[PDB]
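> Structural data only, the sequence is not supplied:
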RNA sequence: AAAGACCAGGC
DNA sequence: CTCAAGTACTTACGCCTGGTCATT
Ligand SMILES: [Zn+2]
(Lines give C-alpha, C1' and ligand atoms only; values in the text may rest on other atoms or scores of the structure.)
Protein backbone atom coordinates (compact mmCIF):
# COMPACT_ATOMS: atom_id res chain seq x y z
CA UNK A 1 0.00 0.00 0.00
CA UNK A 2 1.26 3.47 -0.84
CA UNK A 3 2.57 5.19 2.26
CA UNK A 4 1.32 8.62 1.21
CA UNK A 5 -2.10 8.05 -0.35
CA UNK A 6 -2.87 4.61 1.11
CA UNK A 7 -3.78 3.19 -2.30
CA UNK A 8 -2.65 -0.30 -3.23
CA UNK A 9 0.43 -0.27 -5.44
CA UNK A 10 -0.61 -1.81 -8.76
CA UNK A 11 2.57 -3.88 -8.99
CA UNK A 12 3.26 -6.43 -6.26
CA UNK A 13 6.54 -5.66 -4.51
CA UNK A 14 9.22 -8.26 -3.75
CA UNK A 15 9.79 -8.02 0.01
CA UNK A 16 11.98 -10.04 2.34
CA UNK A 17 14.69 -9.80 4.99
CA UNK A 18 18.09 -9.42 3.32
CA UNK A 19 21.43 -9.10 5.09
CA UNK A 20 22.85 -5.59 4.65
CA UNK A 21 26.14 -4.18 5.94
CA UNK A 22 27.02 -0.56 6.63
CA UNK A 23 30.29 0.55 5.06
CA UNK A 24 33.14 2.65 6.41
CA UNK A 25 32.62 5.15 3.58
CA UNK A 26 30.37 7.80 5.11
CA UNK A 27 29.59 11.30 3.91
CA UNK A 28 30.48 13.12 7.15
CA UNK A 29 34.09 11.98 6.71
CA UNK A 30 34.15 12.81 2.98
CA UNK A 31 32.46 16.22 2.64
CA UNK A 32 34.93 19.05 2.12
CA UNK A 33 34.56 22.77 1.45
CA UNK A 34 37.32 25.28 0.72
CA UNK A 35 37.20 29.09 0.66
CA UNK A 36 40.58 30.85 0.83
CA UNK A 37 42.21 28.57 3.39
CA UNK A 38 45.83 27.61 4.04
CA UNK A 39 48.33 27.79 1.19
CA UNK A 40 51.38 25.69 0.38
CA UNK A 41 54.76 26.94 1.57
CA UNK A 42 56.51 26.49 -1.77
CA UNK A 43 53.90 27.05 -4.50
CA UNK A 44 51.71 29.40 -2.40
CA UNK A 45 48.77 27.34 -3.68
CA UNK A 46 45.91 25.72 -1.73
CA UNK A 47 46.99 22.82 0.44
CA UNK A 48 46.52 19.12 -0.29
CA UNK A 49 43.89 16.97 1.36
CA UNK A 50 40.64 17.25 3.30
CA UNK A 51 42.33 17.24 6.71
CA UNK A 52 44.54 20.24 5.89
CA UNK A 53 41.57 22.32 4.63
CA UNK A 54 43.11 22.02 1.18
CA UNK A 55 41.47 23.05 -2.05
CA UNK A 56 40.25 20.78 -4.82
CA UNK A 57 42.58 20.22 -7.75
CA UNK A 58 41.65 21.67 -11.16
CA UNK A 59 43.65 19.15 -13.18
CA UNK A 60 44.81 19.23 -16.78
CA UNK A 61 41.70 17.44 -18.03
CA UNK A 62 39.65 20.09 -16.23
CA UNK A 63 41.27 22.94 -18.16
CA UNK A 64 40.95 21.01 -21.41
CA UNK A 65 37.23 20.54 -20.76
CA UNK A 66 36.89 24.25 -20.00
CA UNK A 67 38.80 25.11 -23.19
CA UNK A 68 36.21 23.04 -25.05
CA UNK A 69 33.62 25.35 -23.49
CA UNK A 70 35.58 28.31 -24.78
CA UNK A 71 35.44 29.64 -21.22
CA UNK A 72 38.61 31.75 -21.25
CA UNK A 73 38.21 33.94 -18.16
CA UNK A 74 36.59 31.22 -16.07
CA UNK A 75 39.78 29.27 -16.78
CA UNK A 76 41.84 32.35 -15.92
CA UNK A 77 40.04 32.61 -12.58
CA UNK A 78 40.37 28.89 -11.88
CA UNK A 79 44.09 28.81 -12.67
CA UNK A 80 45.18 32.34 -11.73
CA UNK A 81 42.63 34.16 -9.58
CA UNK A 82 40.99 31.42 -7.49
CA UNK A 83 44.42 29.86 -7.04
CA UNK A 84 47.63 31.83 -6.32
CA UNK A 85 47.59 35.38 -7.67
CA UNK A 86 50.84 37.30 -7.76
CA UNK A 87 52.49 40.45 -9.11
CA UNK A 88 56.10 40.91 -10.21
CA UNK A 89 58.05 43.92 -11.45
CA UNK A 90 59.94 43.08 -14.65
CA UNK A 91 62.30 45.41 -16.51
CA UNK A 92 61.37 46.64 -19.98
CA UNK A 93 64.82 46.40 -21.57
CA UNK A 94 65.56 42.95 -20.20
CA UNK A 95 62.65 40.59 -19.71
CA UNK A 96 63.87 39.67 -16.25
CA UNK A 97 62.23 40.64 -12.95
CA UNK A 98 63.53 43.70 -11.12
CA UNK B 1 39.49 47.68 -41.02
CA UNK B 2 37.12 50.40 -42.22
CA UNK B 3 33.38 50.41 -41.55
CA UNK B 4 32.90 49.46 -45.20
CA UNK B 5 33.84 45.98 -46.47
CA UNK B 6 33.25 44.30 -43.09
CA UNK B 7 33.47 40.50 -43.36
CA UNK B 8 32.41 38.50 -40.28
CA UNK B 9 29.15 36.95 -39.38
CA UNK B 10 26.57 39.64 -38.51
CA UNK B 11 25.34 37.21 -35.85
CA UNK B 12 27.12 37.63 -32.54
CA UNK B 13 28.87 34.50 -31.32
CA UNK B 14 27.80 32.94 -28.04
CA UNK B 15 31.26 33.73 -26.66
CA UNK B 16 30.81 37.40 -27.53
CA UNK B 17 27.38 37.37 -25.88
CA UNK B 18 28.74 35.74 -22.72
CA UNK B 19 31.72 38.06 -22.37
CA UNK B 20 29.76 41.23 -23.17
CA UNK B 21 27.08 40.25 -20.66
CA UNK B 22 29.68 39.58 -17.98
CA UNK B 23 31.48 42.86 -18.64
CA UNK B 24 28.25 44.88 -18.69
CA UNK B 25 27.06 43.20 -15.49
CA UNK B 26 30.35 44.03 -13.78
CA UNK B 27 30.10 47.64 -14.94
CA UNK B 28 26.51 47.89 -13.71
CA UNK B 29 27.47 46.37 -10.35
CA UNK B 30 30.23 49.00 -10.17
CA UNK B 31 27.74 51.94 -10.29
CA UNK B 32 27.82 52.47 -14.07
CA UNK B 33 24.66 54.16 -15.40
CA UNK B 34 22.04 51.69 -16.62
CA UNK B 35 20.78 52.07 -20.18
CA UNK B 36 17.43 50.25 -20.19
CA UNK B 37 14.92 51.19 -17.51
CA UNK B 38 14.84 48.80 -14.55
CA UNK B 39 11.61 47.60 -12.93
CA UNK B 40 12.78 46.70 -9.43
CA UNK B 41 15.88 44.89 -10.70
CA UNK B 42 18.58 44.73 -8.02
CA UNK B 43 20.61 42.01 -9.76
CA UNK B 44 23.11 43.43 -12.29
CA UNK B 45 23.05 40.24 -14.40
CA UNK B 46 19.35 40.49 -15.23
CA UNK B 47 19.83 44.22 -15.83
CA UNK B 48 22.57 43.44 -18.36
CA UNK B 49 20.37 40.80 -20.01
CA UNK B 50 17.52 43.30 -20.33
CA UNK B 51 19.99 45.83 -21.75
CA UNK B 52 21.11 43.26 -24.33
CA UNK B 53 17.51 42.48 -25.32
CA UNK B 54 17.00 46.22 -25.89
CA UNK B 55 20.31 46.53 -27.80
CA UNK B 56 21.37 49.38 -25.50
CA UNK B 57 24.72 48.02 -24.26
CA UNK B 58 27.36 50.76 -24.91
CA UNK B 59 30.08 48.33 -26.01
CA UNK B 60 31.70 47.71 -29.39
CA UNK B 61 33.33 44.34 -30.03
CA UNK B 62 36.77 44.42 -31.66
CA UNK B 63 36.94 41.23 -33.73
CA UNK B 64 40.60 40.44 -34.42
CA UNK B 65 41.19 38.82 -37.78
CA UNK B 66 43.97 36.19 -38.01
CA UNK B 67 46.06 38.48 -40.25
CA UNK B 68 46.39 41.12 -37.50
CA UNK B 69 43.61 43.44 -38.64
CA UNK B 70 40.48 44.04 -36.57
CA UNK B 71 36.84 45.02 -37.06
CA UNK B 72 34.62 46.97 -34.67
CA UNK B 73 31.05 45.73 -34.17
CA UNK B 74 28.71 47.45 -31.75
CA UNK B 75 26.38 45.18 -29.82
CA UNK B 76 23.46 47.02 -31.42
CA UNK B 77 24.95 46.39 -34.88
CA UNK B 78 25.25 42.67 -34.11
CA UNK B 79 21.90 40.87 -34.16
CA UNK B 80 21.08 38.89 -31.02
CA UNK B 81 21.06 35.10 -31.28
CA UNK B 82 18.07 34.94 -28.93
CA UNK C 1 70.69 36.23 -26.58
CA UNK C 2 72.82 33.10 -26.16
CA UNK C 3 76.55 32.83 -26.85
CA UNK C 4 78.59 29.59 -26.90
CA UNK C 5 80.78 30.49 -23.91
CA UNK C 6 77.75 31.29 -21.74
CA UNK C 7 76.89 27.58 -21.98
CA UNK C 8 79.86 26.70 -19.74
CA UNK C 9 78.95 27.37 -16.12
CA UNK C 10 81.49 29.84 -14.72
CA UNK C 11 79.08 31.78 -12.48
CA UNK C 12 76.46 29.58 -10.85
CA UNK C 13 73.10 31.20 -10.05
CA UNK C 14 71.91 30.90 -6.46
CA UNK C 15 68.09 30.69 -6.37
CA UNK C 16 66.34 32.91 -3.81
CA UNK C 17 65.00 31.61 -0.52
CA UNK C 18 61.53 31.40 -2.09
CA UNK C 19 62.74 28.72 -4.52
CA UNK C 20 64.33 26.76 -1.64
CA UNK C 21 62.20 27.56 1.41
CA UNK C 22 63.37 26.79 4.91
CA UNK C 23 60.86 25.21 7.30
CA UNK C 24 60.63 26.68 10.79
CA UNK C 25 61.14 23.89 13.34
CA UNK C 26 58.96 25.19 16.19
CA UNK C 27 61.30 28.18 16.30
CA UNK C 28 64.08 26.05 17.81
CA UNK C 29 65.81 24.84 14.63
CA UNK C 30 65.61 25.32 10.87
CA UNK C 31 65.84 22.51 8.34
CA UNK C 32 66.95 23.19 4.77
CA UNK C 33 65.68 22.36 1.30
CA UNK C 34 67.47 19.76 -0.81
CA UNK C 35 68.60 22.61 -3.05
CA UNK C 36 70.10 24.29 0.02
CA UNK C 37 72.04 21.13 0.90
CA UNK C 38 73.32 20.81 -2.67
CA UNK C 39 74.34 24.48 -2.54
CA UNK C 40 76.20 23.79 0.71
CA UNK C 41 78.06 20.90 -0.93
CA UNK C 42 78.90 23.06 -3.95
CA UNK C 43 80.18 25.94 -1.80
CA UNK C 44 82.25 23.53 0.31
CA UNK C 45 83.91 21.93 -2.71
CA UNK C 46 84.36 25.32 -4.40
CA UNK C 47 86.13 26.77 -1.36
CA UNK C 48 88.27 23.63 -1.12
CA UNK D 1 0.74 20.37 -50.67
CA UNK D 2 2.14 23.43 -48.88
CA UNK D 3 0.42 26.79 -49.23
CA UNK D 4 2.14 29.99 -50.30
CA UNK D 5 2.23 31.59 -46.86
CA UNK D 6 3.36 28.28 -45.35
CA UNK D 7 6.08 28.08 -48.01
CA UNK D 8 7.29 31.60 -47.18
CA UNK D 9 7.39 30.76 -43.47
CA UNK D 10 9.29 27.55 -44.27
CA UNK D 11 11.87 29.50 -46.27
CA UNK D 12 12.29 31.93 -43.39
CA UNK D 13 12.74 29.10 -40.90
CA UNK D 14 15.25 27.36 -43.18
CA UNK D 15 17.31 30.54 -43.45
CA UNK D 16 17.20 31.19 -39.70
CA UNK D 17 18.08 27.63 -38.69
CA UNK D 18 20.91 27.34 -41.22
CA UNK D 19 22.33 30.65 -40.01
CA UNK D 20 22.09 29.37 -36.43
CA UNK D 21 23.90 26.14 -37.37
CA UNK D 22 26.97 28.03 -38.63
CA UNK D 23 29.98 27.47 -36.38
CA UNK D 24 30.61 30.45 -34.14
CA UNK D 25 34.00 32.11 -34.75
CA UNK D 26 36.10 31.76 -31.62
CA UNK D 27 34.94 28.21 -30.93
CA UNK D 28 37.77 25.99 -29.68
CA UNK D 29 37.39 23.24 -32.26
CA UNK D 30 40.70 21.45 -31.64
CA UNK D 31 40.09 20.58 -28.00
CA UNK D 32 36.45 19.76 -28.73
CA UNK D 33 37.42 17.32 -31.49
CA UNK D 34 40.16 15.77 -29.36
CA UNK D 35 37.71 15.15 -26.51
CA UNK D 36 34.99 13.89 -28.87
CA UNK D 37 37.58 11.42 -30.15
CA UNK D 38 39.00 10.35 -26.78
CA UNK D 39 35.63 9.90 -25.06
CA UNK D 40 34.55 6.84 -27.13
CA UNK D 41 38.00 5.33 -26.54
CA UNK D 42 37.05 4.89 -22.87
CA UNK D 43 34.08 2.69 -23.81
CA UNK D 44 36.11 0.81 -26.44
CA UNK D 45 37.44 -2.66 -25.68
CA UNK D 46 41.20 -3.19 -25.48
CA UNK D 47 40.88 -6.63 -27.11
CA UNK D 48 40.12 -7.47 -30.74
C1' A E 1 54.52 20.23 12.50
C1' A E 2 57.37 20.34 6.92
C1' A E 3 57.84 17.56 2.47
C1' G E 4 59.24 12.67 1.02
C1' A E 5 58.36 7.62 0.63
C1' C E 6 55.37 3.51 1.30
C1' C E 7 50.81 1.20 2.07
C1' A E 8 45.44 0.35 2.05
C1' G E 9 40.94 2.04 0.08
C1' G E 10 36.46 5.01 -3.09
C1' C E 11 34.57 6.31 -7.84
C1' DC F 1 82.76 10.36 -47.36
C1' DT F 2 79.29 8.17 -46.82
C1' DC F 3 75.35 5.08 -46.81
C1' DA F 4 72.21 0.79 -43.61
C1' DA F 5 72.89 -1.61 -39.11
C1' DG F 6 73.75 -1.32 -33.60
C1' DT F 7 73.40 1.33 -28.88
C1' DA F 8 71.28 5.03 -25.53
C1' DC F 9 66.86 8.44 -23.73
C1' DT F 10 61.90 8.59 -22.41
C1' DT F 11 57.27 7.61 -21.32
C1' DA F 12 52.72 4.54 -19.56
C1' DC F 13 44.40 7.79 -16.57
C1' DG F 14 41.84 11.32 -13.61
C1' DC F 15 41.16 12.70 -9.04
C1' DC F 16 39.86 11.60 -3.84
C1' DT F 17 40.31 9.57 1.46
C1' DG F 18 43.21 7.81 5.30
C1' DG F 19 47.48 5.76 8.15
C1' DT F 20 52.74 4.92 9.22
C1' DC F 21 57.37 5.92 9.27
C1' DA F 22 62.36 7.95 9.18
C1' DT F 23 64.81 12.92 8.90
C1' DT F 24 64.52 17.25 10.21
ZN1 LIG G 1 66.43 45.06 -17.04
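The structure has been received and is ready for your questions. Numbering: from 1, shown residues only, chains lettered A, B, ... in the order given.

> what's the spacing between the longest helix seen in chain B and its chain's center?
Looking across chain B with DSSP state H, the single longest helix is helix B:14-29. Put simply, helix B:14-29 sits 7 Å off its chain's centre (Cα atoms, centre = their mean, to the nearest Å).

> Give me the residues contacting that helix.
Outside helix B:14-29, the residues within contact range by Cβ atoms under 8 Å, 6 or more residues apart in numbering or on different chains are A:70, A:73, B:12, B:34, B:44-45, B:47-49, B:51-52, B:57, B:59, B:61, B:75, B:78, B:80-81, D:24, D:26-27. C-betas here are computed from N, CA, C, even on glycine.

> among those, which are in strands?
residue B:61 (DSSP state E).

> Of the contacts of helix B:14-29, which belong to helices?
A:73, B:44, B:45, B:47, B:48, B:49, B:51, B:52.

> and these as a markdown table, adding neighbour count and distance to residue A:21?
Formatted as a markdown table, these follow (neighbours: other Cβ atoms under 10 Å in any protein chain shown; distance: Cβ to Cβ, whole Å):
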| residue | neighbour count | distance to residue A:21 |
| --- | --- | --- |
| A:73 | 13 | 48 |
| B:44 | 19 | 52 |
| B:45 | 15 | 48 |
| B:47 | 19 | 55 |
| B:48 | 25 | 54 |
| B:49 | 18 | 52 |
| B:51 | 24 | 58 |
| B:52 | 22 | 56 |
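
> out of those, who's nearest residue A:1?
residue B:45 (48.2 Å; Cβ to Cβ).

> Would you convert the ones in helices among the contacts of helix B:14-29 into JSON lines that also reports distance to residue A:94?
Formatted as JSON lines, the ones in helices among the contacts of helix B:14-29 follow (distance: Cβ to Cβ, whole Å):
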{"residue": "A:73", "distance to residue A:94": "30"}
{"residue": "B:44", "distance to residue A:94": "43"}
{"residue": "B:45", "distance to residue A:94": "44"}
{"residue": "B:47", "distance to residue A:94": "46"}
{"residue": "B:48", "distance to residue A:94": "43"}
{"residue": "B:49", "distance to residue A:94": "47"}
{"residue": "B:51", "distance to residue A:94": "46"}
{"residue": "B:52", "distance to residue A:94": "45"}
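
> The residues you listed: which ones sit near the ion?
By Cβ under 5 Å from the ion, no member of those lies near the ion.

> which one of these sits closest to RNA strand E?
residue A:73 (28.8 Å; Cβ to the nearest atom of the strand).

> Give me every residue in chain A lying close to chain B.
A:70, A:73 (Cβ under 8 Å from any Cβ of the partner chain).

> mind running it again at 6 Å?
Residues of chain A found near chain B (Cβ under 6 Å from any Cβ of the partner chain) are residue A:70.

> Show me the helices in chain A, by range?
Counting by DSSP H, the helices of chain A are A:60-69, A:72-76.

> could you give the angle of the longest one to helix B:14-29?
Pointing back at helix A:60-69 there. Helix A:60-69 and helix B:14-29 meet at an angle of 90 degrees, taking axes from the mean of the first three to the mean of the last three Cα atoms, to 10 degrees as the criterion.

> Need the residue closest to the centroid of the chain.
No chain was given, so I picked chain A. residue A:56 (4.4 Å; Cα atoms, centre = their mean).

> meant chain D, my bad for not saying
Short answer for chain D (Cα atoms, centre = their mean): residue D:21, at 6.1 Å.

> Neighbours of the closest residue to RNA strand E within chain C, how many?
Closest contact between chain C and RNA strand E, by Cβ to the nearest atom of the strand, is at residue C:23 (4.6 Å). The local packing of residue C:23 (other Cβ atoms under 10 Å in any protein chain shown) involves 10 other residues.

> Which residues of chain A lie near RNA strand E?
For chain A, the residues in contact with RNA strand E (Cβ under 7 Å from any atom of the strand) are A:25, A:40, A:41, A:42, A:47, A:48, A:52.

> Contact partners for the fifth one?
Under the criterion of Cβ atoms under 6 Å, 6 or more residues apart in numbering or on different chains, the neighbours of residue A:47 are A:38, A:40, A:54.

> Report the contact partners of the second one.
This points to residue A:40. Contacts of residue A:40 (Cβ under 6 Å, 6+ apart): residue A:47.
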